[PDB]
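K.L.:
Handing you a structure now.
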Amino acid sequence: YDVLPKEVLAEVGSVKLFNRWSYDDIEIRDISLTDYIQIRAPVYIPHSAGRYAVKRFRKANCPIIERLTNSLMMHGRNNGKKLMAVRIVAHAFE
Amino acid sequence: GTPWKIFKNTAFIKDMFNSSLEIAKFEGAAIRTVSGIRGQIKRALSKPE
Amino acid sequence: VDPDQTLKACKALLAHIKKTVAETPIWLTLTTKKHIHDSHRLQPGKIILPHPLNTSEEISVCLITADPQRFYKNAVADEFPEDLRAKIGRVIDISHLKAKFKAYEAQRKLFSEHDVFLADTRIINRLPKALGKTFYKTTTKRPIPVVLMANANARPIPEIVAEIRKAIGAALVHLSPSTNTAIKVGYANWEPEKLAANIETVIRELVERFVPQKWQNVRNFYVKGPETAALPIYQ
Amino acid sequence: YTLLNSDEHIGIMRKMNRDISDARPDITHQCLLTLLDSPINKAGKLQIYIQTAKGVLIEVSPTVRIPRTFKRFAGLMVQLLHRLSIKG
Amino acid sequence: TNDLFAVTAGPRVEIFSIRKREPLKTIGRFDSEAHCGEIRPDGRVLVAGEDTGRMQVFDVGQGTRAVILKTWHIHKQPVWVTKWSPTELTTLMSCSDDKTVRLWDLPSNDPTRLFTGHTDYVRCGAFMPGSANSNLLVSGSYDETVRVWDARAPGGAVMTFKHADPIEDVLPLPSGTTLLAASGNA
Amino acid sequence: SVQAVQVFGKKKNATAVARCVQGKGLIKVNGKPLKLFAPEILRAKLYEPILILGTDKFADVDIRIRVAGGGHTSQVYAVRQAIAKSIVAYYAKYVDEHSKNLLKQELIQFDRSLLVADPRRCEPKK
Amino acid sequence: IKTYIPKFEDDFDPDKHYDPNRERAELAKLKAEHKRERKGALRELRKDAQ
Amino acid sequence: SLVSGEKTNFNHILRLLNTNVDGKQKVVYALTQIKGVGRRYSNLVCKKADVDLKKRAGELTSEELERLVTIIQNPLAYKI
RNA sequence: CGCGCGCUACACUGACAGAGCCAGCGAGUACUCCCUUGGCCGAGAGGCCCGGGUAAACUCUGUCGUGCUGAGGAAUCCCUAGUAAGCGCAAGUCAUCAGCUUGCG
């Protein structure tokens, strides 16, 4: 530990979304969507500042939960609250 | 009159007119300070009549 | 200066006022003969009255500290539940004050909420710009000094509680750079003998503590109602 | 201001030659009557829409008692068409 | 290892602490009463049946959390006991008051299985602990009957026992063979 | 004499001075510790570089960071960039070049924005 | 179902305001006519100034 | 088979001074349901009558209900 | 009277109370929102004193629970990456613009 709380120190082994949920055995059901659902590339929380809309099919490489947050922030009142978006997704997964 | 609020250039002037009617008669007018600064009455203000 | 003249003038002024219903603050205007210059004399203070200026039935003070608000909230949650936890509604540090209250509407809501205000002498010099002009300049609801002075560098807590007990019922003393000022003394619904004792000690402490060049610089004291005429007591 | 029926504007429409039997509000009137008195409406299992040929959708909720008389119905329909909603 | 135990009393439950023995949080979202508030073997989710027939299941944290996860309103008549399954973390049983006990799955919005056979109020229930008895329920009614059902055959009671008293309480033993039916004076 | 490496981190208008000295292992940001400085949901984006490189790499360094400018997300990205660039430059300057290459390899395999700040220029489809 | 009666005016037209109290209705109409006449005077005086 | 259910009959519509309808919501929200009373006002009412805010409406005794009636009747003879 | 452009209001995206934590452009001996009841010192003109009319946001923690306490038709117009949209702070630059305009984050 340099400065890390107890939960992250416990789950220092590999990379887990919101420091609780695994990526190890996540089976996808359709061979059609195994190319376009990105769960090979792990992430810690969905808020990743990327330019995933420069050309075609870069949303085919941004992760799936980032897409879930970025589609949750879709109305005329929650257009910028991405921290609200990731809080909502964390709550829903719990 | 007398200046009311003074920005860098534009300035609002209070105790000179009684109504927007009189100002809209004297729109585009050649106002002048005591110091020698020329100026122009441009547009009536609204909220203080 | 004589309390007989003072009592007859105050009785006649109470009669002039009379001829819920009253609720008018009677005060006295001090006038001096020379300009006042020293900022340490411009520093506002308080005068303890033998009849406290407050009713103290539902009035809720707001206390303003400087050193950690957590420590002062700890002290108010620890010490005294009889009158002090009944009357202290909020303690706010000056940092939290400048943080949470810069807005016109917010400080107007706070002014509407609380009943009377106390602050420390190390904060009064920052207060008038901090609190709004609608909070400070207009009406007498303005903070009264307390001495919270020797991890907060604070005087010990029981003396602090005694200090608050005094300063809730004390009367404010604000000075102007000009040669005129006015200090509240009471209401019109009170008894004029109590008014006489109050104005007597107010005169004594004002001349002997605050007005520089004690009785050389002194001049006229006019007892006055809010909108009526002024009655003379020269000095 | 009145609905366009074949009751009074028959001469105008016959003059200008546009489909005298198509401006028929009485059909919508009697159909709204039938469906608002049918017992499934009282049961509440009903929901009625109107598509008027200018393209306007009119949602009608079961909780309304439409006026029986065609004149009141016409005045009501005009007020609805010009103010987008009708309060109870 | 946890520090929570719950007491239901009236229209509110009160989750207590074990170490401090102080009521940690009083939950009063209920409509009419609260008959059995049981927290999961995980230790995070409390279920309680009300007197209006509904049963509420809600998440409770180590502090002040009362977040309603699900509700069911199928009984329409008081629910006297709900219990979790000790093995499966998402399956629960519920003895209502009318004639029914029923097994619920938590994600679904309908009972997994329905069990009848009693004739009066049924008011005590339990799962059968042990390895071999994976899916066996026991319930005691007020019709002087303790019935034990298999959850594989949704018919009648696999075994029944008829006392002469109103049967108030039942516990299995952790050994899985013997059972205690508390009924009347004995 | 004493080993020290200063490095800069950038975001929209959030800049991050990170000075790394041989130390017991602590990491401070504006004096306050790292587990404290963030809004309580971006702390994982702060712990991402330490969690990639393991704690044994940060066992010997002491990182003190100052930040100013920009909003919350911007400051958080500036601090994680300063952390990553600090440990990579310290391993470049005071331990073996092979270890520097392995660290930079793991960080780039995760995300390039840990090292080279890519600003958002204006160039829409001309 | 508790049916309700649609509140609507019989002789409808969009050009006439509808309000029960003649006092507040007259006050609003006078304010609007005063505003329109003042705007017309301001426009005419502005054109004269130009 | 005898346990005193002397408290279970509280999901009934209570009667009060102006409204004859006041269900079981809470003490302060029931007094908010009472016409002419605000929320902070009802909080002041409950704190004056020393009735615990945890307690529901219909969990009260008749003397407590009656002194609540007296202190909503006169707000001045009690301090305010 | 009509037409658009902006501005405001219209509740789950709630209210209340606490705790914590973030910007950038901005410095002409220059800037003040009134008008008055009284009173002081003013032969007179006034000045005094007292009354009346460095962010928003966000995050975390609790108290309470949808309650005139309802987000906009036909049509028509625009928009493709730091773009739409939300948010506030500053300035007022010889034309235009305070019912607002332009900057800046």
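Numbering starts fresh at 1 for the residues of each chain in the structure tokens, the chains themselves are lettered A, B, ... in the order given, and ligands are numbered from 1 as they appear.
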Up to 6 Å from chain F, what residues of chain I turn up? Count only C-alpha atoms (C1' of nucleotides) and give them as JSON, numbers by chain.
P.N.:
{"I": [22, 23, 59]}
K.L.:
Considering only C-alpha atoms (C1' of nucleotides), tabulate each residue of chain I that lies at most 12 Å from chain E along with its nearest interatomic pair and the corresponding distance in Å to one decimal; arrange the rows by chain and ascending residue number and present them as CSV.
P.N.:
```
residue,atom,partner,partner_atom,distance
I:61,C1',E:64,CA,9.9
I:62,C1',E:64,CA,8.3
I:63,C1',E:64,CA,11.8
I:64,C1',E:29,CA,11.8
I:65,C1',E:29,CA,10.5
```
K.L.:
Give the strand (DSSP E or B) residues of chain D, as assigned by DSSP on the backbone, as a list in words.
P.N.:
residues 48, 49, 50, 51, 52, 56, 57, 58, 59, 60, 64 and 87 of chain D
K.L.:
Using only C-alpha atoms (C1' of nucleotides), which residues sit within 10 Å of residue D:67 once same-chain residues fewer than 3 positions away are excluded, as a ChimeraX atom specification?
P.N.:
/D:29,33,64,70-74,76 /G:5-6
K.L.:
Mind writing the picked residues with N, CA and C atoms as a PDB file, in the first residue's frame?
P.N.:
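Written output follows (again-v5.pdb):
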```
ATOM      1  N   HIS D  29     -69.607  12.646 -33.503  1.00  0.00           N
ATOM      2  CA  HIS D  29     -70.447  12.927 -32.345  1.00  0.00           C
ATOM      3  C   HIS D  29     -71.157  11.675 -31.861  1.00  0.00           C
ATOM      4  N   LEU D  33     -70.478   9.415 -28.523  1.00  0.00           N
ATOM      5  CA  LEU D  33     -71.593   9.102 -27.635  1.00  0.00           C
ATOM      6  C   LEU D  33     -71.673   7.614 -27.334  1.00  0.00           C
ATOM      7  N   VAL D  64     -64.876  11.580 -18.998  1.00  0.00           N
ATOM      8  CA  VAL D  64     -65.539  12.792 -19.454  1.00  0.00           C
ATOM      9  C   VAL D  64     -66.975  12.460 -19.824  1.00  0.00           C
ATOM     10  N   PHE D  70     -75.702  18.556 -30.139  1.00  0.00           N
ATOM     11  CA  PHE D  70     -74.674  18.792 -31.143  1.00  0.00           C
ATOM     12  C   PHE D  70     -74.144  20.216 -31.089  1.00  0.00           C
ATOM     13  N   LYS D  71     -74.961  21.173 -30.652  1.00  0.00           N
ATOM     14  CA  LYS D  71     -74.497  22.555 -30.596  1.00  0.00           C
ATOM     15  C   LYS D  71     -73.438  22.739 -29.516  1.00  0.00           C
ATOM     16  N   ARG D  72     -73.718  22.241 -28.309  1.00  0.00           N
ATOM     17  CA  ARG D  72     -72.718  22.257 -27.250  1.00  0.00           C
ATOM     18  C   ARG D  72     -71.492  21.457 -27.652  1.00  0.00           C
ATOM     19  N   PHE D  73     -71.698  20.343 -28.353  1.00  0.00           N
ATOM     20  CA  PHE D  73     -70.570  19.557 -28.824  1.00  0.00           C
ATOM     21  C   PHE D  73     -69.707  20.352 -29.787  1.00  0.00           C
ATOM     22  N   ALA D  74     -70.329  21.141 -30.660  1.00  0.00           N
ATOM     23  CA  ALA D  74     -69.561  21.906 -31.632  1.00  0.00           C
ATOM     24  C   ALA D  74     -68.778  23.021 -30.960  1.00  0.00           C
ATOM     25  N   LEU D  76     -67.759  23.037 -27.876  1.00  0.00           N
ATOM     26  CA  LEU D  76     -66.699  22.367 -27.139  1.00  0.00           C
ATOM     27  C   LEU D  76     -65.560  21.951 -28.050  1.00  0.00           C
TER      28      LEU D  76
ATOM     29  N   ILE G   5     -67.529  17.001 -15.800  1.00  0.00           N
ATOM     30  CA  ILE G   5     -68.158  17.834 -16.821  1.00  0.00           C
ATOM     31  C   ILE G   5     -67.115  18.801 -17.363  1.00  0.00           C
ATOM     32  N   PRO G   6     -66.910  18.866 -18.678  1.00  0.00           N
ATOM     33  CA  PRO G   6     -65.860  19.726 -19.237  1.00  0.00           C
ATOM     34  C   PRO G   6     -66.239  21.194 -19.142  1.00  0.00           C
TER      35      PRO G   6
END
```
K.L.:
Using only C-alpha atoms, I'd like a table of the residues in chain G that come within 12 Å of stretch 7-20 of chain B; for each, show the closest atom pair and its distance in Å rounded to one decimal, ordered by chain and ascending number, as JSON lines.
P.N.:
```
{"residue": "G:38", "atom": "CA", "partner": "B:20", "partner_atom": "CA", "distance": 9.7}
{"residue": "G:39", "atom": "CA", "partner": "B:20", "partner_atom": "CA", "distance": 10.5}
{"residue": "G:41", "atom": "CA", "partner": "B:20", "partner_atom": "CA", "distance": 10.3}
{"residue": "G:42", "atom": "CA", "partner": "B:20", "partner_atom": "CA", "distance": 7.9}
{"residue": "G:43", "atom": "CA", "partner": "B:20", "partner_atom": "CA", "distance": 11.3}
{"residue": "G:45", "atom": "CA", "partner": "B:20", "partner_atom": "CA", "distance": 10.3}
{"residue": "G:46", "atom": "CA", "partner": "B:20", "partner_atom": "CA", "distance": 10.7}
```
K.L.:
Write a file of the just-selected residues containing N, CA and C atoms, as a tab-separated table (two decimals), in the first residue's frame.
P.N.:
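File produced: out-v3.tsv:
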```
chain	number	residue	atom	x	y	z
G	38	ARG	N	-48.85	53.60	-25.87
G	38	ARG	CA	-47.52	54.10	-25.55
G	38	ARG	C	-46.50	53.62	-26.57
G	39	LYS	N	-46.60	52.36	-26.99
G	39	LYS	CA	-45.67	51.86	-28.00
G	39	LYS	C	-45.84	52.59	-29.32
G	41	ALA	N	-46.91	55.67	-29.72
G	41	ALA	CA	-46.35	57.01	-29.57
G	41	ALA	C	-44.84	56.98	-29.61
G	42	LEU	N	-44.22	55.97	-28.99
G	42	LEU	CA	-42.77	55.87	-29.02
G	42	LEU	C	-42.27	55.65	-30.44
G	43	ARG	N	-42.97	54.82	-31.21
G	43	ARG	CA	-42.56	54.59	-32.59
G	43	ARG	C	-42.68	55.85	-33.43
G	45	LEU	N	-42.68	59.01	-32.41
G	45	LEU	CA	-41.67	59.97	-32.01
G	45	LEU	C	-40.29	59.55	-32.49
G	46	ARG	N	-40.01	58.25	-32.53
G	46	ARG	CA	-38.71	57.81	-33.00
G	46	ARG	C	-38.54	58.11	-34.48
```
K.L.:
List the spatial neighbours of stretch 171-177 of chain C as JSON, numbers by chain - criterion: any atom at most 12 Å away, only C-alpha atoms (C1' of nucleotides), same-chain residues fewer than 6 positions off excluded.
P.N.:
{"C": [27, 28, 29, 30, 31, 32, 34, 35, 36, 37, 38, 39, 40, 41, 42, 43, 44, 45, 46, 47, 48, 49, 50, 51, 52, 53, 54, 116, 117, 118, 119, 124, 136, 137, 140, 141, 142, 143, 144, 145, 146, 183, 184, 185, 186, 198, 199, 201, 202, 203, 205, 206, 207, 209, 210, 211, 212], "I": [48, 49]}
K.L.:
Keeping only C-alpha atoms (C1' of nucleotides), write the selected residues to a file as a PDB file, in the first residue's frame.
P.N.:
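The new file result.pdb reads:
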```pdb
ATOM      1  CA  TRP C  27     -32.603  55.706  22.440  1.00  0.00           C
ATOM      2  CA  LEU C  28     -30.234  58.530  23.281  1.00  0.00           C
ATOM      3  CA  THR C  29     -28.095  60.436  20.809  1.00  0.00           C
ATOM      4  CA  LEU C  30     -24.635  61.390  21.984  1.00  0.00           C
ATOM      5  CA  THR C  31     -23.125  64.461  20.367  1.00  0.00           C
ATOM      6  CA  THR C  32     -19.506  65.507  20.916  1.00  0.00           C
ATOM      7  CA  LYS C  34     -14.441  67.114  18.099  1.00  0.00           C
ATOM      8  CA  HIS C  35     -14.028  64.628  15.281  1.00  0.00           C
ATOM      9  CA  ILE C  36     -13.288  61.012  16.174  1.00  0.00           C
ATOM     10  CA  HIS C  37     -10.306  59.437  14.452  1.00  0.00           C
ATOM     11  CA  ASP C  38      -8.906  56.308  16.139  1.00  0.00           C
ATOM     12  CA  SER C  39     -10.054  53.088  14.484  1.00  0.00           C
ATOM     13  CA  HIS C  40      -9.588  51.306  17.801  1.00  0.00           C
ATOM     14  CA  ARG C  41     -12.172  53.738  19.171  1.00  0.00           C
ATOM     15  CA  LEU C  42     -14.314  53.092  16.094  1.00  0.00           C
ATOM     16  CA  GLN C  43     -14.181  49.439  17.149  1.00  0.00           C
ATOM     17  CA  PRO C  44     -17.718  48.576  18.285  1.00  0.00           C
ATOM     18  CA  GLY C  45     -18.279  47.339  21.819  1.00  0.00           C
ATOM     19  CA  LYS C  46     -21.042  46.478  24.250  1.00  0.00           C
ATOM     20  CA  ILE C  47     -22.376  47.858  27.529  1.00  0.00           C
ATOM     21  CA  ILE C  48     -23.803  45.584  30.211  1.00  0.00           C
ATOM     22  CA  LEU C  49     -27.093  46.880  31.471  1.00  0.00           C
ATOM     23  CA  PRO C  50     -28.570  46.323  34.946  1.00  0.00           C
ATOM     24  CA  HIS C  51     -31.853  45.674  33.155  1.00  0.00           C
ATOM     25  CA  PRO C  52     -31.131  43.529  30.084  1.00  0.00           C
ATOM     26  CA  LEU C  53     -32.349  44.899  26.783  1.00  0.00           C
ATOM     27  CA  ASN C  54     -33.907  41.619  25.640  1.00  0.00           C
ATOM     28  CA  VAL C 116     -29.988  38.417  17.537  1.00  0.00           C
ATOM     29  CA  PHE C 117     -26.332  37.871  16.708  1.00  0.00           C
ATOM     30  CA  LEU C 118     -23.032  37.514  18.537  1.00  0.00           C
ATOM     31  CA  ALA C 119     -19.534  37.463  17.078  1.00  0.00           C
ATOM     32  CA  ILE C 124     -15.928  41.997  13.833  1.00  0.00           C
ATOM     33  CA  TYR C 136     -25.459  45.408   8.693  1.00  0.00           C
ATOM     34  CA  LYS C 137     -26.152  49.021   7.851  1.00  0.00           C
ATOM     35  CA  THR C 140     -30.048  47.472  14.880  1.00  0.00           C
ATOM     36  CA  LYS C 141     -30.050  43.712  14.296  1.00  0.00           C
ATOM     37  CA  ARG C 142     -26.251  43.674  14.042  1.00  0.00           C
ATOM     38  CA  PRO C 143     -23.775  41.433  15.862  1.00  0.00           C
ATOM     39  CA  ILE C 144     -22.652  42.145  19.422  1.00  0.00           C
ATOM     40  CA  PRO C 145     -19.045  41.470  20.521  1.00  0.00           C
ATOM     41  CA  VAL C 146     -18.168  38.573  22.787  1.00  0.00           C
ATOM     42  CA  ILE C 183     -27.300  54.179  21.387  1.00  0.00           C
ATOM     43  CA  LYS C 184     -30.450  52.184  22.128  1.00  0.00           C
ATOM     44  CA  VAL C 185     -31.686  52.212  25.724  1.00  0.00           C
ATOM     45  CA  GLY C 186     -34.986  50.313  25.791  1.00  0.00           C
ATOM     46  CA  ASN C 198     -30.264  52.230  32.121  1.00  0.00           C
ATOM     47  CA  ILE C 199     -29.493  55.671  30.722  1.00  0.00           C
ATOM     48  CA  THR C 201     -25.115  53.584  33.503  1.00  0.00           C
ATOM     49  CA  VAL C 202     -25.016  53.977  29.708  1.00  0.00           C
ATOM     50  CA  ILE C 203     -23.861  57.574  30.131  1.00  0.00           C
ATOM     51  CA  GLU C 205     -19.709  53.741  30.735  1.00  0.00           C
ATOM     52  CA  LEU C 206     -19.865  55.613  27.416  1.00  0.00           C
ATOM     53  CA  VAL C 207     -18.044  58.637  28.773  1.00  0.00           C
ATOM     54  CA  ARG C 209     -14.612  54.027  28.414  1.00  0.00           C
ATOM     55  CA  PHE C 210     -15.262  54.929  24.778  1.00  0.00           C
ATOM     56  CA  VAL C 211     -15.522  58.676  24.100  1.00  0.00           C
ATOM     57  CA  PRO C 212     -11.882  59.817  24.081  1.00  0.00           C
TER      58      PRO C 212
ATOM     59  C1'   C I  48     -24.059  64.172  10.382  1.00  0.00           C
ATOM     60  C1'   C I  49     -27.406  60.197  13.418  1.00  0.00           C
TER      61        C I  49
END
```
K.L.:
By how many Å are atom CA of residue D:21 and atom CA of residue D:3 apart?
P.N.:
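Distance between the two atoms: 14.1 Å.
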K.L.:
For residue C:230, list every protein, DNA or RNA residue within 9 Å, evaluated using only C-alpha atoms (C1' of nucleotides), and leave out those in the same chain fewer than 3 positions away; present the list as a list in words.
P.N.:
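The filter keeps residues 13, 28, 29, 222, 223, 224 and 225 of chain C; 39 of chain I.
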K.L.:
Kindly give the distance, in Å, that separates atom CA of residue C:99 and atom CA of residue C:85, rounded to a single decimal.
P.N.:
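Computing the Euclidean distance for atom CA of residue C:99 and atom CA of residue C:85 yields 24.9 Å.
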K.L.:
What does the distance from atom CA of residue F:20 to atom CA of residue F:90 come to in Å, to one decimal?
P.N.:
7.1 Å
K.L.:
Could you pull the residues within 8 Å of stretch 45-51 of chain F, counting only C-alpha atoms (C1' of nucleotides), minus those fewer than 6 positions along the same chain, as a short mmCIF file (atom, residue, chain, number, x, y, z; two decimals) with C-alpha atoms, in the first residue's frame?
P.N.:
```cif
data_model
loop_
_atom_site.label_atom_id
_atom_site.label_comp_id
_atom_site.auth_asym_id
_atom_site.auth_seq_id
_atom_site.Cartn_x
_atom_site.Cartn_y
_atom_site.Cartn_z
CA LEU A 4 -5.08 2.73 -0.41
CA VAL A 12 -5.64 -5.57 -5.41
CA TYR A 44 -12.58 0.54 -12.96
CA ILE A 45 -15.45 3.02 -13.19
CA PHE F 58 5.37 2.98 -4.93
CA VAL F 76 -8.82 14.22 -10.92
CA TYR F 77 -7.44 13.52 -14.37
CA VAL F 79 -3.64 14.06 -10.50
CA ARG F 80 -3.73 10.62 -12.10
CA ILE F 83 1.02 10.14 -10.51
CA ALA F 84 1.75 8.01 -13.57
CA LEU F 107 0.68 2.03 -18.45
CA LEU F 114 -1.96 8.27 -18.28
#
```
K.L.:
For chain B, which residues have at least one atom within 10 Å of chain G, if we go by only C-alpha atoms? Write them as number ranges by chain, please.
P.N.:
B: 20-29
